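Structure, as structure tokens:
To find a chain, count down the sequence lines: A is the first, B the second, and so on, and within it residues start at 1. Counting starts at 1 for both ligands and their atoms, in listed order.
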Amino acid sequence: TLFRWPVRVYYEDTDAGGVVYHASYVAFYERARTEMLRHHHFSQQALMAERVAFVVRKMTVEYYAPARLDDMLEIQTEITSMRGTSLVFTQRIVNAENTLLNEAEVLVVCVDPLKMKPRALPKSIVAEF
Amino acid sequence: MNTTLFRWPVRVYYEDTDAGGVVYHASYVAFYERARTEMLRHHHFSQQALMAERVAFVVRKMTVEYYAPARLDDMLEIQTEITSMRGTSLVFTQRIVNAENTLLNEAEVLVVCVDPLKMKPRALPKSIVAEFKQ
Amino acid sequence: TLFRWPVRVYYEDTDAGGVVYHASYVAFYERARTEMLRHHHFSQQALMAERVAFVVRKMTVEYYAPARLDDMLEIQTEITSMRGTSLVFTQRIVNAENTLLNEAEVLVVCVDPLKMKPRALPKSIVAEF
Amino acid sequence: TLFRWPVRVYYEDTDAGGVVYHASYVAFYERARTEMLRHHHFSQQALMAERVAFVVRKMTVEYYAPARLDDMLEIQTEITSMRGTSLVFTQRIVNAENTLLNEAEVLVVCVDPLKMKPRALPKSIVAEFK
Ligand SMILES: CC(C)(COP(=O)(O)OP(=O)(O)OC[C@H]1O[C@@H](n2cnc3c(N)ncnc32)[C@H](O)[C@@H]1OP(=O)(O)O)[C@@H](O)C(=O)NCCC(=O)NCCS
Ligand SMILES: CC(C)(COP(=O)(O)OP(=O)(O)OC[C@H]1O[C@@H](n2cnc3c(N)ncnc32)[C@H](O)[C@@H]1OP(=O)(O)O)[C@@H](O)C(=O)NCCC(=O)NCCS
């Protein structure tokens with residue numbers, strides 16, 4: 001199921017190349033994942049107060065086309081695969097003209113911070129997705 | 001393909017950390033960018049200068065594999081090789097190790113040479129090809 | 001007239017202390033100024049074609065209380081001063097409980113982005129302010 | 001005593017205007033303070049042993065001239081004042097030609113990471129600096 005999250009491009013996100021810095025896309029993707037979780041009632045640091053957190057294990061990003069200042073982007077997020085301790089988010093970004101700017105596949109592993117050891121996924125999250 | 005490994009040190013500062021107590025995963029991406037830039041600089045090329053010559057380098061595809069976390073005040077070494085080279089693009093193989101030489105993570109980066117103000121692929125400058133010819 | 005802009009704290013804005021990095025606040029302030037100008041139909045990628053920009057000349061931030069991950073903040077922004085070439089933004093950040101986290105006074109100069117020289121303010125900006 | 005710290009400008013620090021994003025300077029200044037303390041063996045490790053953290057109370061930055069991609073800058077840092085639970089950093093940034101790009105005055109409060117209330121400056125710190 002698809003979750004959509006709007007993102008405005010600000011000066012902070014751009015570089016001297018006249019486009020969005022390639023790492024800023026990575027941050028945009030994280031917000032989208034965060035907001036999708038929130039859409040299913042989750043708060044990631046009150047959730048780390050119960051010592052459960054999410055870390056990125058692997059990420060593959062393809063940049064097809066650039067975003068620019070004040071572009072209103074849409075980040076699209078899906079959970080495509082689920083295992084015992086990890087999640088696979090399939091994500092993509094489009095602009096106002098529905099041009100496909102880029103897309104990412106993010107392997108996220110459920111850990112808990114003070115150990116950051118792979119912990120089994122919370123039972124509630126399994127029920128949701 | 002000039003195989004020689006280029007090494008670049010990076011100190012982890014507060015700005016690179018998150019509430020999790022480790023380095024933010026996008027900061028690794030910037031660290032990789034810095035090392036590629038320094039590798040180019042070591043071979044006598046400035047991207048600021050190349051910009052006005054209508055030459056820029058943009059990331060087309062990037063794969064990052066996070067094995068182990070970096071923390072505040074760690075002194076890291078970014079390692080950078082060019083493994084593939086084509087007309088308008090080339091492939092970087094990079095990885096990050098800490099002081100104990102623990103492999104923190106590694107990346108493969110596809111960089112494309114473009115004309116920044118029209119954002120279309122262009123042949124790598126001959127002098128850059130010359131430096132990484134072999 | 002006061003202008004309000006909501007901002008969500010994400011992982012990207014936090015540091016190892018578990019609170020928002022103080023430079024992230026600076027970025028938040030910039031967003032609000034941009035959105036404030038936008039609200040008066042003053043977009044800045046549109047005007048860079050027009051070779052006109054707003055660069056920060058002086059910024060003073062005073063910090064009182066911290067913000068944490070997933071906090072929904074509010075940036076309050078008002079223009080308090082104006083001269084032929086410059087203008088002053090008075091800004092502050094509060095949290096959901098209306099606690100004052102910090103405040104900033106930002107001096108901004110209108111310049112040409114080519115040689116970066118001080119130009120006089122567009123008579124339309126001084127009009128709607 | 002003046003402490004110098006080099007900082008290279010990268011793409012990450014720049015914006016679409018072709019110059020360094022004004023917030024990137026704030027981070028540069030912190031690195032320099034961090035490195036200044038490190039020079040006197042006051043590493044984060046040393047601070048945690050004192051259970052001491054440093055937070056910014058007030059900061060005034062003055063932007064005079066822009067830095068650009070590939071500029072090698074120098075951050076110049078000095079402690080100009082020290083009081084009970086705080087101390088004032090005076091910082092400047094110059095380029096390779098020693099042109100003054102911008103400067104900052106940073107009031108830093110000595111806090112306690114438990115809680116972050118004012119804590120008296122460590123004896124070693126007040127003795128290390130004058
Ligand atoms: C690098 C770049 C110029 C390569 O141009 P290219 O020769 O068209 O390369 P590709 O064909 O492999 O691009 C893949 C697809 O994106 C399309 N594309 C390229 N530039 C585009 C643009 N400006 N707008 C919309 N689509 C674009 C391509 O047509 C292609 O379509 P298809 O595979 O579905 O048929 C282009 O992909 C690009 O601008 N990527 C974004 C770079 C970036 O911003 N990186 C982050 C900052 S470093
Ligand atoms: C996510 C993580 C807990 C995976 O758990 P895992 O049990 O090690 O599972 P994996 O099989 O994927 O391990 C991958 C490799 O990383 C190594 N590794 C994991 N944690 C390590 C550590 N703390 N120190 C050194 N190596 C470590 C593993 O040994 C493994 O290498 P190997 O083939 O020699 O065994 C761990 O790899 C990790 O912490 N990665 C970094 C996460 C991160 O910092 N992301 C950025 C912030 S979100």
Shortest non-hydrogen contact from [X] to [Y]?
X: B:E65; Y: B:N105; answer: O-CB, 2.9 Å
X: B:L124; Y: B:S89; answer: CD1-O, 3.7 Å
X: A:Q45; Y: C:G18; answer: OE1-O, 4.1 Å
X: A:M72; Y: A:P6; answer: SD-CB, 4.0 Å
X: C:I75; Y: C:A32; answer: CG2-CB, 3.6 Å
X: B:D73; Y: D:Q44; answer: OD2-N, 4.3 Å

Do me a favour and list the nearest non-hydrogen protein atom to [atom] with residue, atom name and distance?
atom: atom 5 (O) of ligand 1; result: B:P121 CG, 3.3 Å
atom: atom 19 (C) of ligand 1; result: A:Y64 O, 3.1 Å
atom: atom 39 (O) of ligand 2; result: B:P69 CD, 3.8 Å
atom: atom 26 (N) of ligand 2; result: B:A68 CB, 3.6 Å
atom: atom 43 (C) of ligand 1; result: B:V59 O, 3.9 Å
atom: atom 1 (C) of ligand 2; result: A:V55 CG2, 3.8 Å
atom: atom 46 (C) of ligand 2; result: B:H25 CB, 3.6 Å

Centroid-centroid under 6.0 Å between B:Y28 and B:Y66 rings: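 Yes: the rings meet the under 6.0 Å criterion.
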Ring centers of A:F129, A:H40 separated by less than 6.0 Å: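 Yes: the rings meet the under 6.0 Å criterion.
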Does the protein put a heavy atom less than 4.0 Å from [atom]?
atom: atom 41 (C) of ligand 1; value: yes
atom: atom 31 (O) of ligand 1; value: no
atom: atom 9 (O) of ligand 2; value: no
atom: atom 16 (O) of ligand 1; value: yes
atom: atom 12 (O) of ligand 1; value: yes
atom: atom 34 (O) of ligand 2; value: no

Salt-bridge present (A:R92, A:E78; N to O < 4.0 Å):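 Yes, charged N to carboxylate O under 4.0 Å.
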SB check B:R36 B:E33 (cutoff 4.0 Å):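 No.
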Numbered atoms and elements of ligand 1 in range of A:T99, under 4.0 angstrom, heavy atoms: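 Going through ligand 1 atom by atom, the ones under 4.0 Å from A:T99 are 25 (C).
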Numbering as shown, the atoms of ligand 1 that approach B:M119 to under 4.0 Å (heavy-atom distance):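 Taking each heavy atom of B:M119 in turn, ligand 1 has 3 (C) under 4.0 Å.
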Which segment of A:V20 sits under 4.0 Å of ligand 1 when only heavy atoms are counted: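 Answer for A:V20: backbone.
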Per atom 14 (C) of ligand 2, closest listed option by heavy atom (B:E65, A:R57, A:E30):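 Closest candidate by heavy-atom distance is A:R57.
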Within-cut-off N or O pair, A:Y63 and ligand 1, under 3.5 Å: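 Yes, A:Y63 has an N/O under 3.5 Å of an N/O on ligand 1.
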B:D115 side chain vs B:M119 backbone, donor-acceptor pair below 3.5 Å: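 Not a single qualifying donor-acceptor pair exists.
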